[PDB]
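Summary of the model geometry
Next come the chains, spelled out residue by residue.
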Amino acid sequence: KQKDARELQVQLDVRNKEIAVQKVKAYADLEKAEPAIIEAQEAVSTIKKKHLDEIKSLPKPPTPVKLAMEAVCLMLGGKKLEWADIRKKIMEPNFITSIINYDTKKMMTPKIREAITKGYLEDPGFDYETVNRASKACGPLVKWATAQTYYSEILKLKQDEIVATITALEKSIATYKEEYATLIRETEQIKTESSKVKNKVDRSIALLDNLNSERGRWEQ
């Protein structure tokens, strides 16, 4: 149960590593199907550097750009918002790619979700047409953001029994080797005395045998 059965955690584990590659995978396929995201993620790719560059150098961008840029880098885990800061992240050696690869499951429901929508999505100056005019770059982003936040909003009791079987058999075996001390220690005091009784038998053989000898002489 510890070498043949206990090994099941390697057989019943074929799920934690196999079926796991099915969890994230399954949501990935149906993620690139509901137009919404695709429709935008395709416009996020076709973005000239002529646009993303000028914005990077901009010192004080117009609100319609500030919001668009703040919302995107914010969803990437960047709780930051200060322009001076989010500016650098605009041309990081992974940012432009960190968009289309946005895991639609990292859309933190508590804040990230209810924030991007109540903090940008529904803003008088955060509309598709409005932003696009300020820059054809940060423009498609609101089309991607309104695709992520808007979309995502529409998406263990058997193995633990192995800890009850593996443990009951590991603990049980833990008392069987401790019981050996009950037989070896028991025999410990046995071998010491079983030996002494032998000392007498041997030593007595002399006194008794030697007497049959001496008695033979005295009698004669």
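Residues numbered from 1 in each chain as written, not as in the entry; some residues may be left out. Part of a larger assembly, values for the part shown. Heavy atoms only, no water. Residues with missing side-chain atoms left out of burial classes, pairs and counts.

In the nomenclature of the PDB entry, the chain is known as Dynein heavy chain, cytoplasmic of Dictyostelium discoideum. Recorded in the entry header as its title is "X-ray structure of a functional full-length dynein motor domain".

Secondary structure assignment for the chain yields 12 helices and 0 strands. For the chain, the α and β elements follow one another from N to C terminus as α-α-α-α-α-α-α-α-α-α-α-α. Seen through its C-alpha atoms, the chain measures out along the principal axes to roughly 145 × 35 × 30 Å. (Helix = DSSP H or I, 4+ residues; strand = E, 2+ residues; numbered from the N terminus.)

Note that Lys66 and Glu70 form a salt bridge whose closest N and O atoms lie 3.2 Å from each other. Pair noted here: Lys66 and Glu70 are both in helix α5 (residues 63–75), with a separation of 4 residues, about one helical turn. (Salt bridge = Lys/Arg side-chain N within 4 Å of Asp/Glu carboxyl O.)

Arranged with centres 5.4 Å apart and planes meeting at 80 degrees, the rings of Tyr102 and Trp144 form a pair that is edge-to-face. Pair noted here: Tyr102 is in the loop between α7 (95–100) and α8 (109–121) and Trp144 is in helix α10 (residues 138–152), with a separation of 42 residues, a long-range link. With a centroid separation of 5.9 Å and an interplanar angle of 50 degrees, the aromatic rings of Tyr120 and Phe126 are classed as tilted. Here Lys143 stacks its cationic end above the ring of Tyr128, 5.8 Å away from the centre of that ring. (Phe/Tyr/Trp six-rings, centres within 6.5 Å; stacked < 30°, edge-to-face > 60°. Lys NZ or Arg CZ within 6 Å of the ring centre and 35° of its normal.)

This brings us to the packing of α5 against α10. Where α5 meets α10, the axes come as close as 9 Å, and the angle between the chain directions of the two elements is 45 degrees. For the element pair α5 / α10, the angle class is oblique. Note on packing geometry: the crossing formed by α5 with α10 is left-handed. When α5 is examined against α10, the residues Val65, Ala68, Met69, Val72 and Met75 are found in contact with a partner set consisting of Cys138, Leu141, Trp144, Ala145 and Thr149. Class assignment for the residues of the contact of α5 with α10 results in 9 nonpolar, 1 polar and no charged. (Axes fitted to C-alpha atoms, helices over the stretch in contact; angles between N-to-C directions. Parallel < 35°, antiparallel > 145°, perpendicular 65-115°, else oblique. Left-handed = near helix turned anticlockwise from the far one by under 90°. Contact = heavy atoms within 4.5 Å. Nonpolar A, V, L, I, M, F, W, Y, C, P; charged D, E, K, R; others polar.)

Attention shifts here to the environment of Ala145. Its place among the elements puts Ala145 in helix α10. Discounting chain neighbours no more than four positions away, the residues touching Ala145 are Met75 and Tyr150.

With that settled, consider the packing of helix α3 (residues 36–45) against α10. It is at 8 Å that the axes of α3 and α10 come closest, and there the two elements cross at 150 degrees. On the basis of the axis angle, α3 is roughly antiparallel to α10. For the element pair α3 and α10, the recorded crossing hand is left-handed. Two secondary-structure elements touch here, α3 through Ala36, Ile37, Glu39, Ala40, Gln41, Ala43 and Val44 and α10 through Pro140, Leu141, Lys143, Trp144, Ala147, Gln148 and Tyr151.

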